[PDB]
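A quick write-up on the structure given underneath.
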Amino acid sequence: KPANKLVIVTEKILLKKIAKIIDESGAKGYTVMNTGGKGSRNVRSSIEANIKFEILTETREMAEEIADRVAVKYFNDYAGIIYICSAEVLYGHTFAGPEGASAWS
Amino acid sequence: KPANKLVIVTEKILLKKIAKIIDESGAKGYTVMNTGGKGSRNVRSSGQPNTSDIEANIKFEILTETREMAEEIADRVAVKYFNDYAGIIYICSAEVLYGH
Amino acid sequence: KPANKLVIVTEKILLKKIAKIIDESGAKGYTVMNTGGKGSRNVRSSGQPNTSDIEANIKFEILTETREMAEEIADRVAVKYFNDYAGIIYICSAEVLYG
Ligand SMILES: Nc1ncnc2c1ncn2[C@@H]1O[C@H](COP(=O)(O)OP(=O)(O)OP(=O)(O)O)[C@@H](O)[C@H]1O
Ligand SMILES: Nc1ncnc2c1ncn2[C@@H]1O[C@H](COP(=O)(O)OP(=O)(O)OP(=O)(O)O)[C@@H](O)[C@H]1O
Ligand SMILES: Nc1ncnc2c1ncn2[C@@H]1O[C@H](COP(=O)(O)OP(=O)(O)OP(=O)(O)O)[C@@H](O)[C@H]1O
Ligand SMILES: [Cl-]
Ligand code: NA
Ligand code: NA
Ligand code: NA
């Protein structure tokens, strides 16, 4: 089943702030990694101080909503880039099926 | 050469268990990273990890010989472990330039 | 805008050397992670890493301007280092949204 994989590479200090935006979007979760890096926007600069989020979204609209909120709220003032990859989910939130009367477990 | 990039994000304590499945599948290698995260299945036995905890999880990336190999790995991980452990599995398309 | 995401997984000791290759290609930046791993080339001079060692390797992700730039980096790294050093290099398609 196709899904958008939204990636946000940004400053570590934004971790909780971005996790709240992701949650508010309706996305079921996110994965976050510590990283290093170098950029050319030269907002932060010309240890690892980055974080990388990967968020598998329900729709393209969901991914765009997260992206647009993060970028508008933070990217004039903080380093970061955002991009999307195409993914196909094999086992996701629905691993054990729906809840309620259509449940199979 | 086009390839399937299988991604398994799961509890860090499954590292050796998932490496065993990968090895047994015929896959030629894997890359693994520490991560944090949050999900909605709420099956981690110890609850959601701290937001600061960027080693609750591991992420495997496995460039597989075929699509069927990636699915074999996914299916065995999931049936063996995902009722008792947190985790998700997806695939991305990759073109291998060198290595592999 | 429709970009290439070039991925280089290789021995951590090559961090500075590959960063220089990336910078000389004209790439606007890169992201680098520690990783563990296993492969089948069996080139790494110190043998396979411990399953628990999640710092044997580095993984670079480079969003490039063109496919030509991605290829320049890849070819440079492999040709100069892959006889002697472990690693793999691949490309994923990415669409940059905020960039
Ligand atoms: N072309 C790219 N490929 C991969 N990662 C990138 C690229 N450009 C930027 N990054 C990642 O995004 C981070 C932020 O870069 P950005 O250009 O937004 O800000 P910057 O102030 O130049 O960053 P830095 O202080 O890291 O130099 C970088 O540290 C890096 O991890
Ligand atoms: N939509 C998603 N996008 C990206 N990563 C996700 C997503 N859903 C879950 N994950 C990753 O999978 C891991 C496990 O989530 P899952 O839903 O399987 O179990 P959980 O018990 O709810 O996990 P957690 O205790 O981490 O909240 C998460 O910690 C996260 O790294
Ligand atoms: N099929 C693959 N899928 C994902 N990552 C891989 C794959 N094959 C190799 N790698 C990554 O590339 C690294 C080096 O593997 P390579 O085959 O180049 O050399 P190696 O000497 O066999 O490496 P190692 O000592 O790690 O076994 C691995 O540690 C792993 O991170
Ligand atoms: Cl990663
Ligand atoms: Na910079
Ligand atoms: Na959860
Ligand atoms: Na090996």
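Quick note on naming: the chains in the structure tokens go A, B, ... in the order shown, residues restart at 1 in each chain, and ligands are numbered from 1 in order of appearance.
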(request) May I have the residues within 9 Å of ligand 5, computed using only C-alpha atoms and all ligand atoms, as a ChimeraX atom specification? (result) /A:37-46,79 /C:28-29
Write a file of the just-selected residues containing N, CA, C and O atoms, as a compact mmCIF listing (two decimals), in the first residue's frame.
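What follows is the written file result-v8.txt:
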# COMPACT_ATOMS: atom_id res chain seq x y z
N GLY A 37 25.68 16.88 9.87
CA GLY A 37 25.50 17.36 8.52
C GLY A 37 26.07 18.67 8.28
O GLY A 37 26.61 19.33 9.21
N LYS A 38 25.95 19.11 7.03
CA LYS A 38 26.41 20.41 6.62
C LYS A 38 25.35 20.90 5.62
O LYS A 38 24.85 20.10 4.87
N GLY A 39 25.03 22.20 5.57
CA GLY A 39 24.07 22.72 4.63
C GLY A 39 24.62 23.98 4.01
O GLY A 39 25.75 24.44 4.32
N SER A 40 23.85 24.53 3.09
CA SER A 40 24.20 25.78 2.44
C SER A 40 23.16 26.87 2.67
O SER A 40 23.41 28.01 2.20
N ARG A 41 22.08 26.67 3.41
CA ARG A 41 21.23 27.80 3.71
C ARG A 41 21.91 28.79 4.63
O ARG A 41 21.56 29.99 4.59
N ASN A 42 22.84 28.30 5.47
CA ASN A 42 23.68 29.10 6.39
C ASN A 42 22.83 29.95 7.29
O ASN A 42 23.06 31.17 7.46
N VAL A 43 21.83 29.30 7.88
CA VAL A 43 21.01 29.95 8.92
C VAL A 43 21.71 29.69 10.28
O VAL A 43 21.91 30.59 11.06
N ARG A 44 22.02 28.43 10.57
CA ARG A 44 22.71 28.08 11.83
C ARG A 44 24.21 28.30 11.77
O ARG A 44 24.88 28.70 12.79
N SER A 45 24.80 27.95 10.62
CA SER A 45 26.27 28.07 10.45
C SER A 45 26.67 28.10 8.97
O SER A 45 25.99 27.47 8.12
N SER A 46 27.77 28.83 8.69
CA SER A 46 28.50 28.74 7.40
C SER A 46 29.65 27.74 7.55
O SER A 46 30.75 27.95 7.04
N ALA A 79 17.97 25.99 10.94
CA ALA A 79 18.40 25.17 9.79
C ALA A 79 17.41 24.00 9.60
O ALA A 79 16.76 23.55 10.54
N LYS C 28 25.23 20.89 -2.14
CA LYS C 28 24.96 21.97 -1.26
C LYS C 28 25.03 21.55 0.23
O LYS C 28 25.08 22.41 1.12
N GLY C 29 25.04 20.27 0.49
CA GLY C 29 25.14 19.76 1.84
C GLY C 29 25.08 18.28 1.89
O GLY C 29 25.10 17.61 0.87
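Using only C-alpha atoms, we find that the part of chain C lying within 6 Å of chain B comprises residues 35, 36, 37, 38, 39, 40, 88, 89, 90, 91 and 92 of chain C.
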Hey, can you spit out that residue selection with N, CA, C and O atoms as an mmCIF file, in the first residue's frame?
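Output file result13.cif is given in full below:
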data_model
loop_
_atom_site.group_PDB
_atom_site.id
_atom_site.type_symbol
_atom_site.label_atom_id
_atom_site.label_comp_id
_atom_site.auth_asym_id
_atom_site.auth_seq_id
_atom_site.Cartn_x
_atom_site.Cartn_y
_atom_site.Cartn_z
ATOM 1 N N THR C 35 26.231 4.090 11.738
ATOM 2 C CA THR C 35 25.470 2.902 11.575
ATOM 3 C C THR C 35 26.309 1.672 12.015
ATOM 4 O O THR C 35 27.563 1.701 12.027
ATOM 5 N N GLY C 36 25.614 0.571 12.216
ATOM 6 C CA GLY C 36 26.206 -0.749 12.091
ATOM 7 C C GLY C 36 25.794 -1.405 10.803
ATOM 8 O O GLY C 36 25.120 -0.834 9.928
ATOM 9 N N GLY C 37 26.147 -2.660 10.662
ATOM 10 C CA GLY C 37 25.913 -3.312 9.465
ATOM 11 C C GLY C 37 26.654 -4.610 9.294
ATOM 12 O O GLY C 37 27.533 -5.011 10.116
ATOM 13 N N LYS C 38 26.280 -5.290 8.206
ATOM 14 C CA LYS C 38 26.939 -6.488 7.647
ATOM 15 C C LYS C 38 26.869 -6.452 6.160
ATOM 16 O O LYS C 38 25.822 -6.013 5.597
ATOM 17 N N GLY C 39 27.915 -6.954 5.482
ATOM 18 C CA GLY C 39 27.889 -7.123 4.069
ATOM 19 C C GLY C 39 28.472 -8.421 3.602
ATOM 20 O O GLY C 39 28.889 -9.255 4.455
ATOM 21 N N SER C 40 28.473 -8.602 2.292
ATOM 22 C CA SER C 40 29.028 -9.811 1.725
ATOM 23 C C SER C 40 30.270 -9.623 0.872
ATOM 24 O O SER C 40 30.826 -10.653 0.405
ATOM 25 N N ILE C 88 28.757 0.528 0.281
ATOM 26 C CA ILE C 88 27.800 0.370 -0.786
ATOM 27 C C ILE C 88 27.267 1.800 -1.056
ATOM 28 O O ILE C 88 27.266 2.631 -0.163
ATOM 29 N N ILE C 89 26.820 2.037 -2.283
ATOM 30 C CA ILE C 89 26.312 3.329 -2.671
ATOM 31 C C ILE C 89 25.077 3.122 -3.540
ATOM 32 O O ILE C 89 25.057 2.283 -4.447
ATOM 33 N N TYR C 90 24.023 3.837 -3.279
ATOM 34 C CA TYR C 90 22.781 3.718 -4.009
ATOM 35 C C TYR C 90 22.068 5.105 -4.043
ATOM 36 O O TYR C 90 22.425 5.965 -3.309
ATOM 37 N N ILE C 91 21.077 5.154 -4.872
ATOM 38 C CA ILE C 91 20.283 6.353 -5.041
ATOM 39 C C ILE C 91 18.786 6.036 -4.867
ATOM 40 O O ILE C 91 18.289 5.044 -5.412
ATOM 41 N N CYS C 92 18.097 6.969 -4.178
ATOM 42 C CA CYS C 92 16.611 6.968 -3.946
ATOM 43 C C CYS C 92 16.089 8.287 -4.556
ATOM 44 O O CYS C 92 16.842 9.245 -4.699
#
(message) Contacts from chain C to chain A, 9 Å maximum, only C-alpha atoms: show me the residue list as number ranges by chain.
(response) C: 27-34, 60, 92-99
Generate the output file for the selected residues, N, CA and C atoms, as a short mmCIF file (atom, residue, chain, number, x, y, z; two decimals), in the first residue's frame.
data_model
loop_
_atom_site.label_atom_id
_atom_site.label_comp_id
_atom_site.auth_asym_id
_atom_site.auth_seq_id
_atom_site.Cartn_x
_atom_site.Cartn_y
_atom_site.Cartn_z
N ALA C 27 27.91 19.81 -4.24
CA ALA C 27 26.67 19.48 -3.47
C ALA C 27 26.48 20.50 -2.39
N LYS C 28 25.23 20.89 -2.14
CA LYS C 28 24.96 21.97 -1.26
C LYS C 28 25.03 21.55 0.23
N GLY C 29 25.04 20.27 0.49
CA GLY C 29 25.14 19.76 1.84
C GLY C 29 25.08 18.28 1.89
N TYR C 30 25.07 17.76 3.10
CA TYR C 30 24.95 16.32 3.32
C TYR C 30 24.48 16.10 4.77
N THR C 31 23.91 14.91 5.01
CA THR C 31 23.50 14.43 6.28
C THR C 31 24.27 13.14 6.58
N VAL C 32 24.83 12.98 7.78
CA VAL C 32 25.61 11.77 8.05
C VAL C 32 25.20 11.19 9.43
N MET C 33 25.09 9.86 9.44
CA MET C 33 24.53 9.08 10.60
C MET C 33 25.69 8.02 10.88
N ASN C 34 25.88 7.64 12.13
CA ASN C 34 26.55 6.39 12.47
C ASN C 34 25.63 5.20 12.18
N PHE C 60 26.14 8.54 4.67
CA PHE C 60 25.85 9.87 4.10
C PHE C 60 24.59 9.82 3.27
N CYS C 92 18.10 6.97 -4.18
CA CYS C 92 16.61 6.97 -3.95
C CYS C 92 16.09 8.29 -4.56
N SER C 93 14.83 8.33 -5.03
CA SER C 93 14.26 9.52 -5.67
C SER C 93 13.66 10.27 -4.56
N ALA C 94 13.84 11.59 -4.56
CA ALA C 94 13.22 12.40 -3.54
C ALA C 94 12.65 13.65 -4.13
N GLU C 95 11.61 14.13 -3.54
CA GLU C 95 11.08 15.37 -3.97
C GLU C 95 11.36 16.33 -2.80
N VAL C 96 12.12 17.39 -3.05
CA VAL C 96 12.35 18.42 -2.05
C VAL C 96 11.21 19.39 -1.91
N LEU C 97 10.68 19.58 -0.68
CA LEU C 97 9.65 20.48 -0.45
C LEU C 97 10.11 21.87 0.10
N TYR C 98 11.17 21.81 0.92
CA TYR C 98 11.69 23.00 1.64
C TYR C 98 13.18 22.74 1.71
N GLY C 99 13.93 23.61 1.05
CA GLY C 99 15.08 23.18 0.24
C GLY C 99 16.02 24.33 -0.07
#
(request) Write down, as a ChimeraX atom specification, each residue of chain A that has any atom within 9 Å of an atom of chain B, counting only C-alpha atoms. (result) /A:15-16,19,28-34,53,85-96
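When only C-alpha atoms and all ligand atoms are used to compute distances to ligand 2, the closest of the residues A:54, A:65, A:98, A:104 turns out to be A:54.
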(request) Going by DSSP on the backbone, which bits of range 11-87 of chain C are alpha helix (DSSP H)? Write them as number ranges by chain, please. (result) C: 15-24, 67-81
(request) Calculate how many Å separate CA of residue 11 in chain B from CA of residue 56 in chain B, rounding to one decimal. (result) 6.1 Å
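The two atoms in question, atom 25 (O, counted along the ligand's line) of ligand 2 and CA of residue 49 in chain A, are spaced 24.0 Å apart.
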(message) I need the residues in range 2-98 of chain A that are strand (DSSP E) according to DSSP; give them as a ChimeraX atom specification.
(response) /A:2-11,30-38,50-57,80-91
